[PDB]
Amino acid sequence: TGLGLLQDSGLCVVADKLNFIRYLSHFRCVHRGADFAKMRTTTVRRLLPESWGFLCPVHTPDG
Amino acid sequence: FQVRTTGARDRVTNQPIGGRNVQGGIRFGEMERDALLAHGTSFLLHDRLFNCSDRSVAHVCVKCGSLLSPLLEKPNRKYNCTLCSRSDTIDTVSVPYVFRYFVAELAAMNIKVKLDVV
Amino acid sequence: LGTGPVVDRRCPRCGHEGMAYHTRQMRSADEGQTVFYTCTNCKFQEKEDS
Amino acid sequence: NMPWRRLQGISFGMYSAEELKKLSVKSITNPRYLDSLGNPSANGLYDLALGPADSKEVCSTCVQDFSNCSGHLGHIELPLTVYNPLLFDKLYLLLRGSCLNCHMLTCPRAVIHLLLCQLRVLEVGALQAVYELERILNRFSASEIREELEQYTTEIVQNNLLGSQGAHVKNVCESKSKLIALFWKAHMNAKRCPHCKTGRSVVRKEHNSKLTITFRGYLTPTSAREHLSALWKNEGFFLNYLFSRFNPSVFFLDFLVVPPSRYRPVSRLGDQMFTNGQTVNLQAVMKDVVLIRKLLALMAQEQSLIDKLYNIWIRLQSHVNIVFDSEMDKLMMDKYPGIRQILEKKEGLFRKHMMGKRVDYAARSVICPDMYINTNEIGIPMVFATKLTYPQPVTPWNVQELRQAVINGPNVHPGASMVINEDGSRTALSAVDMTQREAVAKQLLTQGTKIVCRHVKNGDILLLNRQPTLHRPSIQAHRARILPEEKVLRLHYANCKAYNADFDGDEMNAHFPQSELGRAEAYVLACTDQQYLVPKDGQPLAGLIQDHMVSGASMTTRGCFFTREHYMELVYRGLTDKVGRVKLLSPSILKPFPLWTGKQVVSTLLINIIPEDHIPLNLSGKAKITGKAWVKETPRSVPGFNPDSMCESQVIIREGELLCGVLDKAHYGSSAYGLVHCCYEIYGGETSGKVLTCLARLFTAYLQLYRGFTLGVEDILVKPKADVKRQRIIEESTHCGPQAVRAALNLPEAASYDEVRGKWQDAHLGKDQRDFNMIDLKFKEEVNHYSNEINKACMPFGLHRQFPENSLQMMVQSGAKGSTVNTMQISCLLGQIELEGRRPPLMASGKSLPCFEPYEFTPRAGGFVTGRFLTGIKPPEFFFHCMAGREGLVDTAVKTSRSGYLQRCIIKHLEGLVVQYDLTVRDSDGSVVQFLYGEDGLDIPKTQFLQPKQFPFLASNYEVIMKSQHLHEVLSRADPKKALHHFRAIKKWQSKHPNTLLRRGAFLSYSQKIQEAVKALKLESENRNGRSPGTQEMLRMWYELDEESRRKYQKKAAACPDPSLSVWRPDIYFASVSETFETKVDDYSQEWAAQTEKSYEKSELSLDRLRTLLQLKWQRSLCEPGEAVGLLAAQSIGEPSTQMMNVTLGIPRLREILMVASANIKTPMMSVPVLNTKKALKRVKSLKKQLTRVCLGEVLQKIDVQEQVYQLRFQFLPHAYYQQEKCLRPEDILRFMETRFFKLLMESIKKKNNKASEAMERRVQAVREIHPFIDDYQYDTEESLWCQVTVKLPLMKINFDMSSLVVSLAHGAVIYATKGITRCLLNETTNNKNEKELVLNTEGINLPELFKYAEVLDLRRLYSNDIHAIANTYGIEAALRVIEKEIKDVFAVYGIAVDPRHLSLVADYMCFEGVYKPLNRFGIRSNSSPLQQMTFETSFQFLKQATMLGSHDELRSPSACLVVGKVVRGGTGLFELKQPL
Amino acid sequence: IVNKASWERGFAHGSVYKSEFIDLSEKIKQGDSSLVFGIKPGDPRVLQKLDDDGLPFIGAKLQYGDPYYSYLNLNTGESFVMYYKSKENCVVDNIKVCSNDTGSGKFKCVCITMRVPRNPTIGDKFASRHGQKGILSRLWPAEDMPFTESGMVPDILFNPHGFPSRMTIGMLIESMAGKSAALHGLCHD
Amino acid sequence: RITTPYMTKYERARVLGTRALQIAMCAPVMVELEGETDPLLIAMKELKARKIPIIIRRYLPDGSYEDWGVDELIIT
RNA sequence: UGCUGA
DNA sequence: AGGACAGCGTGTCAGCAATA
DNA sequence: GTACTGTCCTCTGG
Ligand SMILES: [Mg+2]
Ligand SMILES: [Zn+2]
């Protein structure tokens, strides 16, 4: 049973101490899902106004 | 930073290996050959691909046009055609290895590639 | 029964006297913002790079 | 000594299966291929007779080692026959349509013989014979049909032989493709048998590896093989043509071929050190063969045993399938990818290792700015230079410098790593003893000479490439300037825009030609100064950038004075002259103190660069910096002064000396017609490169020595007393939400302050969501009024420092970097945020951000940012700005992903189109696409100065242009009589016929007696044969009552002479130019002979020398033979898209047009002008109201359904608010319900119930005459008061809320509409020149349903974006121009402008064969190249096709020429050299 | 642009630590121990590059082609020098000898740490705290730099054309804030 | 006899390349070289003097060809 | 497969 | 012959770890 | 993703 998850990869990742600002950002990251990296429509990438105070507007990978 | 001259030639296609750890070549690509022929520099596009990549010197049954047919005697080592027993028809043709690899792959299905030598 | 020109700054293409611009950042995070101009007398759209 | 033998042709066929034998060194039988330790197990897949897989061993078949042995083939002999997976599907059809009893196809012999004869004629090329045979048939026993067709077919094949070589052309492959496809698609279905009526032994195949004949038996490949063997016998004459002399045996396999072991290399996989995916599939086949060979022996030592035999058969087929196509069989595992996956994909074998090989002698490193090496040079960092080696032959005139190289050694720079011997090879010098290198420095010149592999020697030619290669200018050749101690490749900044390099970590590749024949082409063709103009629109590509533009604009300004010593040391530092005296100037100011001007520095730098023999150029143009940028203080009226006669806006170079103008980006830049563009025209591309280099050096020395450029905070600051107005305007902008939204919902003008919030909420939670976008749009408007008021307050004159002295202005204003919208948005406003063309989205509760109340009217809540980057933006505005900046990046990624594919498809279809030696644009097979490249020749980059308005430049610089290029030699070696006489004839004709659409004719010309006849002659008759009483008199007088040979009304009515380019070969015929160029030349000669008269300057040029000059400059701009213009058109349509309101825009539209060629487009439209007559204007109102669709649902209030007796009252709307613009009446509307809705209702009731388990009287009666359910409706004698109906199904029906059905049906029920038109609209004005124009645009497409209004609307000037509808009402030559105009209008919305000569070629290729054909995977089926067409997409379907048809390839495409290692047949390879003996 | 004297006085010098775990249970399967770091006495191959346990000296410099380890198949009695193949210079700074988790391992696993000096060359990417990235294109001599009226001389030269299109007005404020801080001994937020 | 009299740029490129590959293989130089070690500079020197005995064989799209002399071809 | 660079 | 539908498709560019 | 080809699928015409 997939554990009621919907994702079966990228569940754990390497935490790299290149800097202490790369390391501290692994324990505050939130991944919408690894399947959404393959989608024609871009609507799970919209920065809605309901993530005010819960997700940072600026801190997102830029590729 | 990478510079490759010659080095690991991939065995399946006789082409430079790639990566940076070994000599590592630079894939040319399908997008770039188009620009090189727009300039009408056919010979630069010939020299680069054929001579810096898989340039091979295969033999053909000129009468029957098969790459697979020519044969070497066990040690003179004069080529003789297996399909038709003629030894003086065989002559060399410049061709790639991936061309030979493709003739082999097509035979792996009973398909025949008959080629006209001139 | 009962119960879009932009801010418009001045630049010419065919005639003169005032286009109108929409700014959109149609670029990456290492670049700057592109500008979209539109004329008044006619309707000719520009689409610069900055 | 190379093989010397070349390839002419490659054909794909099928191997006999008996000739594969003797193509086999041994049969393999041992399953386990890997030895206990990892070596080859004897008789396994990896064997030593199938070749040495690795260098360790020697083959048993021929003694020879790896790298010298061509591998050998072997065969897993199968226990019993299996079907071949590629020829399998066809087999199925060959068994579906056939009588297993009779063994004959169920097709009428008419079709069989017709198709047989059509194929017989196609094999030789005859293409009219196809339809001729079909019509001969239709106009006509089995022998009877055969003899009727075979006579004609043999006559064709005999009289039209000698054409077997001229049959491999498009239009001959499309016909055969279509014929055989139609056959397989329409005539191979299961049918009752002709001869025996009961011969349908229905073969019906389950998943592959399974064919089941009925009385549900399992078809054994042996029974199917015998069926095919006995069907061929009866129907072979026909199938030998449908398949090539195919033997039916080829459809079945009795062995599998194991490819040579050198092509199957053991790597590793999880928990397995030595495994190839191909050997793991072949091992599975060998293992099943072994289990099956055991069961056969079990039968021999003798339902489960044979059920097991039939199950292991199906398993052996699903493995032999997987061996051919990994995904043919979906129910098996341990399935590694087959050959379809080895060949056919982006990873593949064609798009990798075939078109994209990896190359030796190449480097890649980060690129760094240089600027002190000439524009044609690259800096090499002494680490590539010591490794990159050119293999030069040793000869008497180089043996000295080569000797120093072998002595310098492998590691010192002018050295060499090796020397190849005459017969031997590769004696490496890399030793560092320094004595053996000297021992071998001798014996050079001591057959083919020794070749020294020398290093790069500071003059070599290198090809440089940046990886997103989107145009020809992305690969250019450079001149190897060697630099010591670095690992970066240094490149001039003029070559940046060409590559798109940015010096932020920008790795770039450098290739080193090794042939001495690719060096000649890198020097002549690929050089980086022949690349000055982009091939997209001919505009310059190389130019100076950034601080070379702010430096040159501040030095060439009027108040820059230099002393003798700053004048000098600024001239010599730009020149660095090496040859000859630097010619200087005289001080402009000679007295109080000798002083120079800065324009004089540029002047004196310009007269030294221009070549000594040639003379300085004259030039007149405009500057980028407007003459209004300098107006500090209000301009006062000077009575007699034209301020622009003496302005810094007009650039005036007079004999190489700048006399006026600033010389900003408009020159030195990437703008056309500037100083460097004219230098490149008159004096060549090397002189323009020299000018660029020297001007860069001069403008750097200026800023580095005497001036300086910076950008502080006091040039982005804004004056106080100007920020007060900004603040008050921002305060005013915080009150414009209620009015905006309200007046967009058309609400009561006031008195509602909460009804507006509710209406906004309703519009937000609505389903259509187009009354919400209305509010969004009418809101980004009051906010935009305040910004205009805000930018105007601060940016022009509210800045603390103004343009001459502001550093931000003078950087965006001279084209250096940036824009006035960057300058603003740094000061005084950031703007209105827009994500998808709309404001930021709201939450699910109606608030856009947690800080804002739900449904808040303030523009701030919708993304209107009034903050600037000067004084930062608040958190809520930060959020919206981040949303926008992030959508930008997402869109970039996706856009590039789509553009890459579009461009790949285009380039893969238009690649073989090259200009031939007869100036005609032909494809690879000779098919004429165009008879003249741009419709006139004249490649793009050379036609830049042939425009008018550039003649006053060619006239001013006439002496330089004749001396530098054409010279007096060509002008007097020209003979223009043939072409000049033709133009005189054309001019005389057009003089006698002013209106060229007036129906010229001999007899028509003999209607001037019209009065002579109408007077008295014809007054007595009727329409004898329909013509007239008076027309017969004219016919009689003309017919034979006129002179025999002197009735020459013909000459007064003859055609215009055909254009000169058509008859007189523009290349070898002087003065033969285009009909639009000679008109321009006439106009300019007439406007130039009337300027010399009042000129106060002596002109030593005559109108008839200027004419010859222009004619030569035309004849020389003529698209050299071999140009390969289709690739240039592909790349010119691709690059702009890859980089970059009720219609479609962007790549969607380009893909609709080019790649899909759809008959269904998202936004079809029309536009007919309105005829400009008083009656037409009145009729159009009714016309618009006549074509809009009125649907039952658009006219309804609400239904009232009662329920098995289901009543229904429609309750229609009053006419007050729908008859105004719909042209409807209530009797028609109600009559509609009686005849269409009330019977479609029973139609839908049956749709549900089939799978469920005085005058009122006549109308009601006829209506229930037709249906048995209704009882009685109603009548409404007063405006449809109450109009219900009643139904009843009394026995048993599913009584539910059927309102659902009668509501889902009362929406798609339309009263009446013109087919295809959804709405019209009259966009009042479309012109300023003749503003009086009116246009009746539409949002549907029906061309004929407008032909009825040829008096209300102009049906010439009718336009539509459909291109398939135009191609069906007006033809294909009319769809060409619609295609071209559509592409042009798609590119126009972004300011891009592709040259018309490219769209002409694209449209001519798309519409080549009579139909609008898509430029995609289905367009290549009509292509004469199997090797192409499989290097594109679906490579295995195109290989199966080419194989079952015996399709032959001529090796004339670029792809087929690069697959077999030939030289492409365009550009440099288009001719021989033929050394004479 | 980076001043050359600033770069020679230690501006932005750096290093990389490449730790390589050599577990030598590879090169062999479950047979006899072919794995013990060790040097057969007198091997001409490792005359003075290893230190009698087939491990480089701590502090030694390594270059391509230098000896890097020497196993010894205990039964046969044969050594294998295993040369250093990276085309870059480093210094060995530590070597951990590890056991098997039961304190019973036999000199089969080691971890060598090499130190690679990576000072700012030409082609290295620098950045500010405002997204203004850029490679290092020159090292401008310290006597060719524009000196100020206070005797100072910049150590970074930043072209003023990255501001107009990128609108990073925070860099122009950070410059003034940091200059005021360095002047007054303060620390602004 | 009907094609253009001038030498297209592709023809110049291929003729220079072939003459250079010949010179480099020890062919006699009919141009009196003056101390230059590049075979391509020598080939350009020969093309400017009108000493190249090569025959450009221009192929038409139907197989028909026309044989032009490198001397009888207007080099721009 | 997770990263990273244009 | 009005459909219903099952069926193929592509997708810029190079590196590293690491592991099937 | 959508739109294309394809594929029959078998419904009223001689
Ligand atoms: Mg970059
Ligand atoms: Zn043979």
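Residues numbered from 1 in each chain as written, not as in the entry; some residues may be left out. Chains lettered and ligands numbered in written order. Part of a larger assembly, values for the part shown. Heavy atoms only, no water. Residues with missing side-chain atoms left out of burial classes, pairs and counts.

As recorded in the PDB header, cryo-EM is the method behind this entry, and the stated resolution is 3.01 Å.

### Re the protein's contact with RNA strand G
Convention followed: Residues are labelled near a given molecule or strand when at least one of their non-hydrogen atoms is within 4 Å of it. By the criterion applied in these results, polar contacts are pairs of N or O atoms within 3.5 Å in which, for protein atoms, one can donate a hydrogen and the other can accept it, and in which residues neighboring in sequence qualify only through two side-chain atoms. Residues are grouped as follows: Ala, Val, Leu, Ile, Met, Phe, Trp, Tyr, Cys and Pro are nonpolar; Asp, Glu, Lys and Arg are charged; every other residue, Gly included, is polar.
By nearness alone, every residue bordering RNA strand G is listed as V13 and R22 of chain A, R466, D504, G505 and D506 of chain D together with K125 and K133 of chain E. Within 4 Å of the protein, atoms of RNA strand G come from sugar and phosphate in 100% of cases. Measuring from a sugar or linking oxygen of RNA strand G, one finds a side-chain N or O atom of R466 of chain D at 3.2 Å. Taking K133 of chain E, its side chain carries an N or O atom lying 2.7 Å from a phosphate oxygen of RNA strand G. Within the surface near RNA strand G, the residues separate by chemical class into one nonpolar, one polar and six charged.

### Describing a nonpolar patch on the surface
Residue and element names in this part refer to chain D. The test is simple: Patch membership needs two things, relative accessible area over 30% and no salt bridge, and members are linked within 9 Å if like-charged or within 5 Å if nonpolar (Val, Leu, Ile, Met, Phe, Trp, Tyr). Computed with the Shrake-Rupley method and a 1.4 Å probe, the accessible areas treat only the protein chains shown as cover for residues. The salt bridge definition used is simple: a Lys or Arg side-chain nitrogen within 4 Å of an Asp or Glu carboxyl oxygen. Under the scheme used here, helices are H or I runs from DSSP no shorter than 4 residues and strands are E runs no shorter than 2 residues, and both carry numbers assigned from the N terminus.
A cluster of nonpolar side chains, namely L298, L305, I306 and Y310, defines an oily patch on the protein surface of about 310 Å² accessible area. It is helix α8 (residues 304-322) that provides the largest number of residues to the nonpolar patch, a total of three residues. With respect to the helices and strands, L298 occurs in helix α7 (residues 277-301).

### Regarding the protein's contact with DNA strand H
All names here are of chain D. Taken together, 17 residues surround DNA strand H, and among them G270, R340, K345, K346 and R351 come closest. Between DNA strand H and the protein, one listed contact pairs a phosphate oxygen with a side-chain N or O atom of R340 at 2.7 Å. Per-class residue counts for the surface near DNA strand H are two nonpolar, seven polar and eight charged.

### A short note on the coordination of the magnesium ion (ligand 1)
Let me state the cut-off plainly: Atoms are scored as donors when they are N, O or S and lie within 2.8 Å of the metal, with 3.2 Å used for Na, K and Ca; no water is included, so coordination may look incomplete.
For the magnesium ion (ligand 1), the protein coordination sphere consists of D504 of chain D (OD) and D504 of chain D (OD), at 2.0 to 2.5 Å. Locating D504 of chain D in the fold gives a position in the loop between α12 (496-499) and β19 (508-511).

### Brief notes about the packing of helix α36 (residues 1125-1139) of chain D against helix α44 (residues 1396-1406) of chain D
Helix-helix packing is described using two parameters, namely the angle between the two axes and the distance between the axes. All names here are of chain D. Applicable threshold: The angle between two axes is taken between their N-to-C directions and runs from 0 to 180 degrees, where each axis is a line fitted to C-alpha atoms and a helix contributes only its stretch in contact. Roughly parallel means an angle under 35 degrees; roughly antiparallel, over 145; roughly perpendicular, 65 to 115; everything else is oblique. Any two residues whose heavy atoms approach within 4.5 Å at even a single point are treated as in contact.
Their axes nearest at 9 Å, the elements α36 and α44 cross at an angle of 110°. Relative to α44, the element α36 lies roughly perpendicular. On α44, the residues that touch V1125, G1126, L1128, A1129, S1132 and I1133 of α36 are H1398, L1399, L1401 and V1402. Tallied by class, the residues present in the contact of α36 with α44 amount to seven nonpolar, three polar and no charged.

### Looking at the packing of helix α26 (residues 875-909) of chain D against helix α37 (residues 1147-1156) of chain D
All names here are of chain D. Quick note on the threshold: Handedness of a helix crossing follows the sense of rotation of the near helix relative to the far helix, less than a right angle counterclockwise being left-handed and clockwise being right-handed.
α37 packs onto α26 with a crossing angle of 20° between their chain directions and a minimal axis gap of 11 Å. Taken together, α26 and α37 sit at an angle that is classed as roughly parallel. Seen from above, α26 lies across α37 with left-handed handedness. Every residue of α37 that contacts α26 at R898, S899, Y901, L902, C905 and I906 is listed here: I1147, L1150, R1151, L1154 and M1155. Classifying every residue of the contact of α26 with α37 by side-chain character gives eight nonpolar, one polar and two charged.

### Notes on helix α34 (residues 1075-1092) of chain D
Each full turn of the α-helix corresponds to 3.6 residues, which orients residues three or four apart in the same direction. Residue and element names in this part refer to chain D. The cut-off we apply is this: Multiplying 1.5 Å by the helix residue count minus one yields the expected span of that helix. Here the term buried applies to any residue with accessible area under 20% of the maximum for its type, exposed to any over 50%, and partly exposed to those in between, with areas from a 1.4 Å probe on protein chains only. The directions from the helix axis to the C-beta atoms form the arc being described.
The end-to-end C-alpha separation of α34 is 26 Å, in line with the 26 Å expected for 18 residues at 1.5 Å each. Among all positions of α34, only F1077, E1078, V1081, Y1084, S1085 and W1088 are buried. Here the buried residues of α34 occupy an arc of 125° about the axis, which is enough to place them on one side. Seen from the buried face of α34, the exposed residues on the opposite side, beyond 90 degrees, are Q1086 and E1087. Tucked inside the fold, the buried residues of α34 contact α27 (951-956), α29 (977-992) and α35 (1103-1115).

### Thoughts on unusual backbone geometry
Residue and element names in this part refer to chain D. Positive phi, normally seen in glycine, also occurs at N171, with a value near 80°. Checked against the element boundaries, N171 lands in the loop between α4 (142-159) and α5 (173-186). Relative accessible area serves as the criterion here: at 27%, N171 is assigned to the partly exposed category. For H353, which is not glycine, the phi dihedral falls at a positive 80°. Along the chain, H353 turns up in the loop between α9 (339-343) and β7 (358-359). For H353, a relative accessible area of 15% translates into the label buried.

### Considering the coordination of the zinc ion (ligand 2)
Here is the rule: Geometry assignment treats four donors as tetrahedral when all angles are between 85 and 135 degrees, treats four as square planar and six as octahedral when opposite donors are over 155 degrees apart and all others between 65 and 115, and treats everything else as irregular.
Looking at the metal site, the zinc ion (ligand 2) is ligated by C61 of chain B (SG), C64 of chain B (SG), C81 of chain B (SG) and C84 of chain B (SG), spaced 2.3 to 2.4 Å from it. What the four donor atoms of the zinc ion (ligand 2) show is an angle range of 86 to 174° at the metal, which sorts the shape as irregular.

### What about the packing of aromatic side chains?
Spelled out, the test is: Each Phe, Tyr or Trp ring (for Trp, its six-membered ring) is paired with any other whose centre lies within 6.5 Å, and the angle between the two planes then decides the class: stacked below 30 degrees, edge-to-face above 60, tilted in between. Over a ring means this: the NZ of a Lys or the CZ of an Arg is within 6 Å of the ring centre and within 35 degrees of the ring normal.
As enumerated under the stated definition, the model contains 53 aromatic pairs over all chains in all. Centre to centre, the rings of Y83 of chain D and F252 of chain D are 5.8 Å apart; their planes meet at 45°, and the pair counts as tilted. Of the two residues, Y83 of chain D and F252 of chain D, both sit in the buried class. Plain terms: the ring middles of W760 of chain D and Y855 of chain D are 5.9 Å apart, the flat faces sit at 50° to each other, and that makes the pair tilted. On the criterion of sequence distance, the pair formed by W760 of chain D in helix α22 (residues 755-764) and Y855 of chain D in the loop between β23 (831-832) and β24 (864-865) is long-range, its members being 95 residues apart. Residues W760 of chain D and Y855 of chain D agree in their burial class; the two are buried. Members of the aromatic cluster, each reached through a chain of ring pairs, are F183, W184, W232, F238, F243, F246 and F251 of chain D. When the ring centre of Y23 of chain A is taken as origin, the NZ or CZ atom of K17 of chain A, which lies over that ring, is 4.9 Å away.

### Brief notes about the sheet that holds strand β27 (residues 928-930) of chain D
Residue and element names in this part refer to chain D. As a reminder, the rule being used: Here a strand pair is declared whenever DSSP counts at least two bridges between the two strands.
Strand order in the open sheet formed by three strands is β25-β26-β27, and the pairing between neighbours is antiparallel. Of all strands in the sheet, those with a lone pairing partner are β25 (914-915) and β27, marking the two edges. Bridging between strand β26 (residues 921-922) and β27 involves two bridges; their strand directions are antiparallel. Directly across from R922, in β27, lies its bridge partner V928. Sheet contacts for α44: β26 and β27; angle to β27, the most-contacted strand, approximately 145°.

### Some details on the arrangement of the chains
Among eight pairs of chains with at least one contact, chains B and D form the most extensive contact set. Where chain A comes nearest to chain E, the C-alpha atoms are still 11 Å apart, and the two do not contact one another.

### With respect to a positive patch on the surface
To keep it simple, the criterion reads: The charged-residue count follows a simple rule in which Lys and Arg add positive charge and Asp and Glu add negative charge, with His and chain termini not counted at all. Note on charges: their place is set at NZ of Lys, CZ of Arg, CG of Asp or CD of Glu.
A contiguous patch of positive charge, built from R984, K987, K988, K992, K1051 and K1052 of chain D, is present on the exposed surface. Assignment of secondary structure puts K1051 of chain D in the loop between α32 (1029-1039) and α33 (1060-1063).

### Side note on the interface of chain D and chain B
Counted only if it meets this: Put simply, buried area is how much 1.4 Å-probe accessible surface two parts lose in total, over both of them, once they are put together.
On the chain B side, the residues contacting the 111 residues of chain D number 84 residues. Three residues stand out in chain D for area buried against chain B, namely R5, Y263 and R358 of chain D, and they jointly supply 10% of the buried area on that side. Here chain D and chain B share seven salt bridges between them. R904 of chain D is the salt-bridge partner of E30 of chain B, the closest N and O atoms lying 3.7 Å from each other. In this structure, the connection of chain D to chain B is made through 37 residue pairs in polar contact. Top element by residues in the side of chain D that touches chain B is strand β1 (residues 7-14) of chain D. It accounts for eight residues. For the side of chain D that touches chain B, the class distribution of residues is 57 nonpolar, 32 polar and 22 charged. Pairing analysis gives three bridges linking strand β1 (residues 2-4) of chain B to strand β8 (residues 362-365) of chain D, with the strands arranged antiparallel. Within β8 of chain D, the position partnered with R4 of chain B by the bridge is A362 of chain D.

### Remarks on the pairing of strand β2 (residues 74-83) of chain D
Strand residues, when the strand is regular, have side chains that alternate between the two faces of the sheet. All names here are of chain D. Among the ten residues that make up β2, eight are buried, leaving the element largely enclosed by the rest of the structure. Here β2 pairs with strand β6 (residues 252-258) via six bridges, running antiparallel. Bridge pairing links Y83 to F252 in β6.

### Focus: the environment of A60 of chain E
Residues and elements named next belong to chain E. Mapped onto the secondary structure, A60 falls in the loop between β2 (15-23) and β3 (61-62). A relative accessible area of 23% places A60 in the partly exposed class. The sequence separation of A60 and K49 amounts to eleven residues, and the corresponding C-alpha distance is 8.4 Å. Sequence-distant contacts of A60, that is, excluding residues within four places in its chain, are made with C90, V91 and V92.

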